[PDB]
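As structure tokens, one chain now follows by itself in the form deposited in one PDB entry.
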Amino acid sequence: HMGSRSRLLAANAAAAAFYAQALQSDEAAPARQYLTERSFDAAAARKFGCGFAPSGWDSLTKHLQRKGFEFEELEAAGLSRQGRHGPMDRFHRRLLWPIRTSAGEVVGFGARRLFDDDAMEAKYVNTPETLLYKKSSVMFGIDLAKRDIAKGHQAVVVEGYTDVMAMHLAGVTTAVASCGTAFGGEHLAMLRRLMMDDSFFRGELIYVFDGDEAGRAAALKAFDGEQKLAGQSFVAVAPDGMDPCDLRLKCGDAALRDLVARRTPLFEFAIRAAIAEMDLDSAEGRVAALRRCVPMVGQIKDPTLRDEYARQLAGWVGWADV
């Protein structure tokens, strides 16, 4: 029993149920307001397991001790830590999102700062590394997304918790997000696994960025490694400045669906964005543009894909019929 995988999972399952209840308190008002301020109702907050970590020292820690969980289990679980005068909660006075496995089991939390006088000055904090929680592979929304990424052959990677919430509310039930870190190798590996039918990788990785310089970071990165999934990787960017949560507030659910559906392939986005910052109305600027994008096509390792982009370059700078 003591400190097994399933015991820690029972503790986190217990913790999330408590924090859920705590969102229905008087001091948790600013957490609820944060939610309604960006159009997430009580049905939504419940669907994503949204909770509140209350003030005080050890509200959760005592709760789980009083229902049989020893403190050593809770430390390895990541829910509690050792203070000067005994045990205390890890999370205090924050809006919490439970972070789940693909099966739906809670393995940790992401926690947003609400109050200006809270000692922890970081905007987001997470559960640290545990037997359950692994920063590099864990994804918010993956529990709600799993069935629909396999059926639709599609995963949609967004930046934050409220972006997943907004996407799923607007019918983009394939949206997921890395928690407290960059989206990386083993997040890709896990989505890749879900999108196998037989031994073939089938589907699309649609990255949704916000602020076009964050999108240009991924573009200049797109030729770097072995380019494994580059051919099936796509980009969607909101009307400049905006993110999925904001785009939904202004323009509604349908604007999000259309943002995802009108995604551009990753190489095409990289090449054309580099053509965009150039003068295409003279022979000189024509020439300069090719001088910088022919090398980009040069780096595409897949010869089918390289030829496809090489074919279209002249058309894009204006030298030929598109």
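Numbers for residues come from their place in the sequence shown, where the first is 1. For the two forms, the rigid core is made up of the largest set of C-alpha atoms that agree within 1.5 Å on superposition.
Undergrad: Select between 171 to 179 and 243 to 251 the stretch whose C-alpha atoms have the higher average B-factor in the entry.
TA: According to the entry, 243 to 251 carries the higher average C-alpha B-factor.
Undergrad: Mean Cα B factor from the PDB record: higher for 303 to 311, or higher for 15 to 23?
TA: Averaging CA B-factors over each stretch, the winner is 15 to 23.
Undergrad: Please work out which residue in 164, 238, 138, 155 has the highest C-alpha B-factor recorded for this crystal structure.
TA: Answer for 164, 238, 138, 155: 238, with the highest C-alpha B-factor.
Undergrad: Determine which member of 95, 230, 208, 217 has the highest CA B-factor, using the values in the deposited entry.
TA: In the PDB entry, the greatest C-alpha B-factor among 95, 230, 208, 217 is found at 217.
Undergrad: Per the entry's values, where does residue 104 land by CA temperature factor relative to the rest of its chain, in the lowest, middle or highest third?
TA: It falls in the top third of the chain.
Undergrad: Split into thirds by Cα B-factor across the chain's modelled residues, where does residue 48 land: lowest, middle or highest?
TA: Middle third - that is where residue 48 ends up once the chain's C-alpha B-factors are sorted.
Undergrad: Comparing residue 234 with the other modelled residues of its chain, is its CA B-factor in the lowest, middle or highest third?
TA: Lowest third.
Undergrad: Thinking about Cα B factors across the chain, which third does residue 36 belong to?
TA: Within its chain, residue 36 is a middle-third residue by C-alpha B-factor, going by the deposited values.
Undergrad: Taking only the Cα B-factors deposited for this chain, tell me whether residue 42 sits in the lowest, middle or highest third.
TA: According to the entry, residue 42 has a C-alpha B-factor in the chain's highest third.
What follows is about the form deposited in another entry, which we do not show.
Undergrad: Once the rigid core is superposed, exactly one of 290, 35, 260, 28 has its CA displaced by 2 Å or more between the shown form and the other one; which residue is that?
TA: The one that moves 2 Å or more is 290.
Undergrad: For residue 44, is the C-alpha shift between the shown form and the other one 2 Å or more after core superposition?
TA: Shift at residue 44: below 2 Å after core fit.
Undergrad: Would residue 86 count as moving between the shown form and the other one, using a Cα shift of 2 angstroms or more after superposing the core as the test?
TA: Moves: no, less than 2 Å.
Undergrad: Core superposed first: is there a CA shift of 2 Å or greater at residue 137 between the shown form and the other one?
TA: Stays below the 2 Å threshold, so no.
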